[PDB]
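To start, the structure under review is shown below, and the notes come after it.
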Amino acid sequence: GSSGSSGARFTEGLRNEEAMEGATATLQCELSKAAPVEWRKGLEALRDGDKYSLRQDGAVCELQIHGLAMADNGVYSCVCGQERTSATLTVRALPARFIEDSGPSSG
């Protein structure tokens, strides 16, 4: 056994985010010092695979959510260890295609 306690504080904290529906949300947050964190949506244990992309450089954390939708909307929480920060994701619905006349965008 060796003294290896871990504990970091969100010196930056998560900020409001905005993205379109179906897009790939991307959150950003920093910690008082390099340390492992954990993201949990709607009180759920998120994992790294295809739907979610977990990646960070040193301390700067960054979460990505592939496949945005109305359901996604809500509040995401990030528990680093000592404290936990939450944010709000605004997902905008995509428009529909209707009768129109347009071709070349060069004019």
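How things are named: the first chain in the structure tokens is A, the next is B, and so on; residues count from 1 in each chain; ligands count from 1 in the order shown.
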Q.
Taking 5 positions as the minimum chain separation for residues in the same chain, which residues sit within 12 Å of range 35-37 of chain A when counting only C-alpha atoms? Answer as a PyMOL selection string.
A. chain A and resi 5-10+29-30+46-47+54-63+77-85
Selection file, N, CA, C and O atoms, as a JSON list (two decimals), in the first residue's frame:
```json
[["chain", "number", "residue", "atom", "x", "y", "z"],
["A", 5, "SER", "N", -3.66, 8.99, -2.95],
["A", 5, "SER", "CA", -5.01, 9.54, -2.97],
["A", 5, "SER", "C", -5.20, 10.46, -4.17],
["A", 5, "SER", "O", -4.27, 11.13, -4.61],
["A", 6, "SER", "N", -6.42, 10.49, -4.70],
["A", 6, "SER", "CA", -6.74, 11.32, -5.85],
["A", 6, "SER", "C", -7.92, 12.24, -5.55],
["A", 6, "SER", "O", -8.89, 11.83, -4.92],
["A", 7, "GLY", "N", -7.83, 13.48, -6.01],
["A", 7, "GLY", "CA", -8.89, 14.44, -5.78],
["A", 7, "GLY", "C", -8.67, 15.75, -6.51],
["A", 7, "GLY", "O", -7.72, 16.48, -6.22],
["A", 8, "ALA", "N", -9.53, 16.05, -7.48],
["A", 8, "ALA", "CA", -9.42, 17.28, -8.25],
["A", 8, "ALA", "C", -10.72, 18.08, -8.20],
["A", 8, "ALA", "O", -11.79, 17.53, -7.95],
["A", 9, "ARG", "N", -10.61, 19.38, -8.42],
["A", 9, "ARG", "CA", -11.77, 20.26, -8.39],
["A", 9, "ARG", "C", -11.96, 20.96, -9.74],
["A", 9, "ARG", "O", -10.99, 21.36, -10.38],
["A", 10, "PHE", "N", -13.22, 21.09, -10.16],
["A", 10, "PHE", "CA", -13.53, 21.74, -11.43],
["A", 10, "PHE", "C", -13.26, 23.23, -11.36],
["A", 10, "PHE", "O", -14.13, 24.02, -11.00],
["A", 29, "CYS", "N", -14.34, 20.84, -20.62],
["A", 29, "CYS", "CA", -14.17, 21.17, -19.21],
["A", 29, "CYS", "C", -12.74, 20.89, -18.75],
["A", 29, "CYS", "O", -12.10, 19.96, -19.23],
["A", 30, "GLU", "N", -12.25, 21.71, -17.82],
["A", 30, "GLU", "CA", -10.90, 21.55, -17.30],
["A", 30, "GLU", "C", -10.92, 21.26, -15.80],
["A", 30, "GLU", "O", -11.89, 21.60, -15.11],
["A", 46, "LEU", "N", -22.29, 6.17, -18.70],
["A", 46, "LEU", "CA", -21.84, 6.22, -20.08],
["A", 46, "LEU", "C", -20.50, 5.52, -20.24],
["A", 46, "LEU", "O", -19.66, 5.55, -19.34],
["A", 47, "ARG", "N", -20.30, 4.89, -21.40],
["A", 47, "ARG", "CA", -19.06, 4.18, -21.68],
["A", 47, "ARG", "C", -18.47, 4.62, -23.02],
["A", 47, "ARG", "O", -19.14, 5.26, -23.82],
["A", 54, "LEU", "N", -14.92, 9.10, -25.72],
["A", 54, "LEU", "CA", -14.20, 9.63, -24.56],
["A", 54, "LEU", "C", -12.73, 9.87, -24.90],
["A", 54, "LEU", "O", -12.00, 8.93, -25.24],
["A", 55, "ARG", "N", -12.30, 11.12, -24.80],
["A", 55, "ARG", "CA", -10.92, 11.48, -25.09],
["A", 55, "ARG", "C", -10.54, 12.78, -24.40],
["A", 55, "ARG", "O", -11.32, 13.73, -24.36],
["A", 56, "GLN", "N", -9.33, 12.82, -23.85],
["A", 56, "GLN", "CA", -8.84, 14.01, -23.15],
["A", 56, "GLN", "C", -7.32, 14.11, -23.24],
["A", 56, "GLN", "O", -6.63, 13.10, -23.35],
["A", 57, "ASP", "N", -6.81, 15.33, -23.18],
["A", 57, "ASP", "CA", -5.37, 15.56, -23.25],
["A", 57, "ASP", "C", -4.85, 16.11, -21.92],
["A", 57, "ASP", "O", -4.89, 17.32, -21.68],
["A", 58, "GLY", "N", -4.35, 15.22, -21.07],
["A", 58, "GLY", "CA", -3.83, 15.63, -19.78],
["A", 58, "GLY", "C", -4.92, 15.90, -18.77],
["A", 58, "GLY", "O", -5.34, 15.00, -18.05],
["A", 59, "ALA", "N", -5.38, 17.14, -18.72],
["A", 59, "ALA", "CA", -6.44, 17.53, -17.79],
["A", 59, "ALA", "C", -7.70, 17.95, -18.53],
["A", 59, "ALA", "O", -8.81, 17.61, -18.12],
["A", 60, "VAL", "N", -7.52, 18.68, -19.62],
["A", 60, "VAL", "CA", -8.65, 19.14, -20.42],
["A", 60, "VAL", "C", -9.50, 17.97, -20.91],
["A", 60, "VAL", "O", -9.07, 17.19, -21.76],
["A", 61, "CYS", "N", -10.71, 17.86, -20.37],
["A", 61, "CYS", "CA", -11.61, 16.78, -20.75],
["A", 61, "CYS", "C", -12.51, 17.21, -21.91],
["A", 61, "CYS", "O", -12.71, 18.40, -22.14],
["A", 62, "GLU", "N", -13.03, 16.22, -22.63],
["A", 62, "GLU", "CA", -13.90, 16.50, -23.77],
["A", 62, "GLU", "C", -14.76, 15.28, -24.11],
["A", 62, "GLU", "O", -14.23, 14.22, -24.45],
["A", 63, "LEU", "N", -16.07, 15.44, -24.02],
["A", 63, "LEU", "CA", -17.00, 14.36, -24.31],
["A", 63, "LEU", "C", -17.76, 14.63, -25.60],
["A", 63, "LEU", "O", -18.12, 15.77, -25.90],
["A", 77, "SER", "N", -24.09, 15.31, -16.46],
["A", 77, "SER", "CA", -23.29, 15.49, -15.25],
["A", 77, "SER", "C", -21.93, 14.83, -15.39],
["A", 77, "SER", "O", -21.81, 13.74, -15.97],
["A", 78, "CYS", "N", -20.90, 15.48, -14.87],
["A", 78, "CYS", "CA", -19.54, 14.95, -14.93],
["A", 78, "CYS", "C", -18.91, 14.88, -13.54],
["A", 78, "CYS", "O", -18.63, 15.90, -12.92],
["A", 79, "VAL", "N", -18.70, 13.66, -13.06],
["A", 79, "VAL", "CA", -18.11, 13.44, -11.75],
["A", 79, "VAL", "C", -16.63, 13.12, -11.86],
["A", 79, "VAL", "O", -16.25, 12.00, -12.23],
["A", 80, "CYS", "N", -15.79, 14.09, -11.53],
["A", 80, "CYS", "CA", -14.34, 13.91, -11.59],
["A", 80, "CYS", "C", -13.85, 13.09, -10.40],
["A", 80, "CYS", "O", -12.98, 12.23, -10.54],
["A", 81, "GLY", "N", -14.41, 13.36, -9.22],
["A", 81, "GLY", "CA", -14.01, 12.64, -8.03],
["A", 81, "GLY", "C", -14.48, 13.33, -6.76],
["A", 81, "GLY", "O", -15.23, 12.75, -5.97],
["A", 82, "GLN", "N", -14.03, 14.56, -6.55],
["A", 82, "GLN", "CA", -14.40, 15.32, -5.37],
["A", 82, "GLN", "C", -15.75, 16.01, -5.57],
["A", 82, "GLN", "O", -16.62, 15.96, -4.70],
["A", 83, "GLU", "N", -15.91, 16.66, -6.72],
["A", 83, "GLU", "CA", -17.15, 17.36, -7.03],
["A", 83, "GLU", "C", -17.69, 16.93, -8.39],
["A", 83, "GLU", "O", -17.06, 16.15, -9.10],
["A", 84, "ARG", "N", -18.87, 17.45, -8.75],
["A", 84, "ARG", "CA", -19.49, 17.11, -10.02],
["A", 84, "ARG", "C", -20.16, 18.34, -10.63],
["A", 84, "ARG", "O", -20.86, 19.08, -9.95],
["A", 85, "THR", "N", -19.94, 18.55, -11.93],
["A", 85, "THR", "CA", -20.52, 19.69, -12.63],
["A", 85, "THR", "C", -21.55, 19.23, -13.66],
["A", 85, "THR", "O", -21.40, 18.17, -14.26]]
```
According to DSSP computed on the backbone, where in chain A is there strand (DSSP E)? Give the residues as an mmCIF file with C-alpha atoms, in the first residue's frame.
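Saved the output as part.cif:
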```cif
data_model
loop_
_atom_site.group_PDB
_atom_site.id
_atom_site.type_symbol
_atom_site.label_atom_id
_atom_site.label_comp_id
_atom_site.auth_asym_id
_atom_site.auth_seq_id
_atom_site.Cartn_x
_atom_site.Cartn_y
_atom_site.Cartn_z
ATOM 1 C CA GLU A 17 -23.578 23.932 -25.012
ATOM 2 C CA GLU A 18 -25.579 24.121 -28.241
ATOM 3 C CA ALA A 19 -25.848 21.779 -31.226
ATOM 4 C CA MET A 20 -28.212 20.657 -33.986
ATOM 5 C CA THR A 24 -22.239 15.241 -32.672
ATOM 6 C CA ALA A 25 -22.380 17.181 -29.404
ATOM 7 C CA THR A 26 -19.035 18.204 -27.912
ATOM 8 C CA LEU A 27 -18.527 19.344 -24.319
ATOM 9 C CA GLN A 28 -15.406 20.893 -22.793
ATOM 10 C CA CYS A 29 -14.169 21.171 -19.207
ATOM 11 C CA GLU A 38 -16.671 10.041 -15.464
ATOM 12 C CA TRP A 39 -19.659 11.247 -17.483
ATOM 13 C CA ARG A 40 -23.211 10.169 -16.655
ATOM 14 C CA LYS A 41 -26.288 11.172 -18.655
ATOM 15 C CA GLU A 44 -26.719 6.699 -16.506
ATOM 16 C CA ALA A 45 -23.249 5.154 -16.713
ATOM 17 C CA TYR A 52 -19.846 8.176 -27.182
ATOM 18 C CA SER A 53 -16.230 9.208 -27.752
ATOM 19 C CA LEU A 54 -14.198 9.627 -24.564
ATOM 20 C CA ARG A 55 -10.918 11.479 -25.091
ATOM 21 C CA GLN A 56 -8.843 14.011 -23.154
ATOM 22 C CA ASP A 57 -5.372 15.565 -23.247
ATOM 23 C CA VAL A 60 -8.652 19.143 -20.422
ATOM 24 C CA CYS A 61 -11.614 16.780 -20.745
ATOM 25 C CA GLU A 62 -13.902 16.498 -23.770
ATOM 26 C CA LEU A 63 -16.999 14.355 -24.311
ATOM 27 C CA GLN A 64 -18.739 13.700 -27.630
ATOM 28 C CA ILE A 65 -22.222 12.327 -28.290
ATOM 29 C CA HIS A 66 -22.701 10.847 -31.761
ATOM 30 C CA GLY A 74 -31.591 17.376 -20.753
ATOM 31 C CA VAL A 75 -28.685 17.795 -18.347
ATOM 32 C CA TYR A 76 -25.334 15.999 -18.419
ATOM 33 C CA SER A 77 -23.290 15.493 -15.251
ATOM 34 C CA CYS A 78 -19.539 14.953 -14.934
ATOM 35 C CA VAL A 79 -18.112 13.445 -11.746
ATOM 36 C CA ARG A 84 -19.491 17.115 -10.022
ATOM 37 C CA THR A 85 -20.524 19.686 -12.629
ATOM 38 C CA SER A 86 -23.639 19.715 -14.811
ATOM 39 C CA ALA A 87 -24.499 21.416 -18.101
ATOM 40 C CA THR A 88 -27.389 21.933 -20.521
ATOM 41 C CA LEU A 89 -27.530 20.648 -24.098
ATOM 42 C CA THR A 90 -29.810 22.450 -26.551
ATOM 43 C CA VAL A 91 -30.672 20.227 -29.513
ATOM 44 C CA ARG A 92 -32.338 22.025 -32.421
#
```
Distance in Å - CA of residue 11 in chain A versus CA of residue 43 in chain A: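 Computing the Euclidean distance for CA of residue 11 in chain A and CA of residue 43 in chain A yields 23.0 Å.
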With distances taken over only C-alpha atoms, the candidate from A:68, A:104, A:98, A:49 nearest residue 21 in chain A is A:68
- Message: Taking only C-alpha atoms into account, name the residue in A:99, A:105, A:33, A:72 that is nearest to residue 12 in chain A.
- Response: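 Closest residue, counting only C-alpha atoms: A:33.
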